[PDB]
Amino acid sequence: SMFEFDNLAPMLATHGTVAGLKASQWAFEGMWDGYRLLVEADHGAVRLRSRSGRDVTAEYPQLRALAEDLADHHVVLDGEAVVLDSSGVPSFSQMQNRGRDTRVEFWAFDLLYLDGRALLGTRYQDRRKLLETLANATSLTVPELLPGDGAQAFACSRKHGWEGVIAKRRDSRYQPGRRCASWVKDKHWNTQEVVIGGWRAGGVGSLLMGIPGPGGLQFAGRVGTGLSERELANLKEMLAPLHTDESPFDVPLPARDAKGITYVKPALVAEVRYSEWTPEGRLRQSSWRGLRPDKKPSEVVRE
Ligand SMILES: Nc1ncnc2c1ncn2[C@@H]1O[C@H](COP(=O)(O)OP(=O)(O)OP(=O)(O)O)[C@@H](O)[C@H]1O
Ligand SMILES: [Mg+2]
Ligand SMILES: [Mg+2]
């Protein structure tokens, strides 16, 4: 049969503003900071497909039982694998640094195929109804839409501490692998890539962030929030080989910022969320999202 899960790439959203959109036209979903997954559940047997289009089934054994209540069905799902922090908010860093005791959940937000019917050409409104009929009172988690028009859904989403809202046009088709104007993503917090220039201990109580410039890293502040247990342990192994006596910053750090510090060669790129930039170039109310081993320091610029 000719729907090819093995040829499927996820649909992508366009950065925009949702506050002026109406629920009559747009479905407001919460934005889940996790790992994007396509899921084929063929009468209970689950296969997972990354956005890059590769089998990642073996990387999430906690999801092997995802379809335990769906053994009578053959479905393709779209959703986010999440790991919930102590607030029950999906945490990206707890996902990327997950262990065997780590609870991974799959939160489904689309249905692409159901018992021999491919649904790429079916309107979102109708796919969602089939998704609800499939998952009601099962262990398959389908987060509901946020109530209200756009500004209310966005506010509610902020109240929960979620990442933002994705508005999906109720009449829209599913376009694999395409970034479309029919999905609008709107994030609550700004986000900045940084280069790690040093660390303090309580261990690693915090990191010293910088933006590359002509004379070295321009100090962008200290991040300590959003980091716990498993990740810091890995941070210590990534930092160890980078030990250096020379500071990488373009001005010697103020004494308060340099207290108990070890400098590292400016190699690791991380990502943080922040409210605003101070007039002197520090990140306000920064919090850790995670490390970005795909990026290298020479691409970090003030965004
Ligand atoms: N409810 C949801 N529906 C669809 N996608 C979601 C949802 N929640 C989270 N995501 C995914 O989380 C990410 C949030 O957008 P963000 O701008 O943070 O992503 P990105 O990695 O910067 O860019 P990209 O759009 O290329 O992934 C998007 O990948 C989005 O597809
Ligand atoms: Mg994201
Ligand atoms: Mg992404």
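Among residues of the range 50-83 being surrounded by 21 or more Cβ atoms within 10 Å (Cβ to Cβ) and among the small types (G, A, S), the one that is nearest to the chain's Cα centre (by Cα) is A81.
Test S52 against the criterion of being within 16 Å of ligand 1 (Cβ to nearest atom) and in a loop (DSSP other than H, G, I, E, B), and give yes or no. It is true that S52 is within 16 Å of ligand 1 (Cβ to nearest atom) and in a loop (DSSP other than H, G, I, E, B). Being outside any loop (DSSP other than H, G, I, E, B) and in the same structural domain as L48 (by CATH): is that true of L112 here? Criteria met by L112.
Within the range 187-223, being basic (K, R) and either under 25 Å from the mean Cα position of the chain (by Cα) or in the same structural domain as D33 (by CATH) (or both) holds for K187, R222. Can you name the residue in the range 200-212 that is closer than 21 Å to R282 by Cβ and out of contact with any helix residue (DSSP H, G or I) (no Cβ under 6 Å at 6 or more places or on another chain) and is also surrounded by the fewest Cβ atoms within 10 Å (Cβ to Cβ) among such residues? Step by step, filter the range 200-212, then rank; the result is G205. In the range 245-303, counting only strands (runs of 3 or more DSSP E) that sit wholly within it, the ones holding 2 or more residues that are within 30 Å of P90 (Cβ to Cβ) span 269-274, 287-291. The residues of the range 163-183 that are surrounded by fewer than 23 Cβ atoms within 10 Å (Cβ to Cβ) and more than 15 Å from ligand 2 (Cβ to nearest atom), listed by number, are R169, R170, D171, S172, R173, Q175, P176, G177, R178, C180, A181, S182.
Please verify whether the range 102-115 includes one or more residues that are over 27 Å from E229 (Cβ atoms), of a type outside the set (A, V, I, L, M, F, W, C) and exposed (fewer than 15 other Cβ atoms within 10 Å of the Cβ). Yes - at least one qualifying residue is present in the range 102-115.
Filter the range 16-49 down to residues that are hydroxyl-bearing (S, T, Y) and assigned to a loop (DSSP other than H, G, I, E, B) and give me whichever is surrounded by the most Cβ atoms within 10 Å (Cβ to Cβ). Result: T17. When the range 96-109 is filtered for residues that are of a type outside the set (D, E, K, R) and either assigned to a loop (DSSP other than H, G, I, E, B) or within 20 Å of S139 (Cβ to Cβ) (or both), the ones remaining, listed by number, are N97, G99, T102, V104, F106, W107, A108, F109.
Contact map, the range 83-102: residues that are closer than 15 Å to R273 by Cβ paired with residues that are part of a strand (DSSP E or B) and basic (K, R), Cβ distance under 7 Å, separation 6+ or inter-chain. Pairs shown: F92/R289; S93/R289. Count of the range 67-95 residues, restricted to those that are in a loop (DSSP other than H, G, I, E, B), closer than 21 Å to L130 by Cα and touching an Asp or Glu at 6+ places or on another chain (Cβ under 9 Å), is 3.
Which count do you get for residues in the range 89-103 that are away from ligand 1 (no atom under 15 Å from the Cβ) and within 19 Å of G79 (Cα to Cα)? Final tally of qualifying residues: 4.
With ideal geometry, Cβ positions are generated from the backbone for all residues, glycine too; neighbour counts draw on all protein chains shown. Basis: the model, the stated rules and, where named, an outside source; nothing here is a laboratory result.
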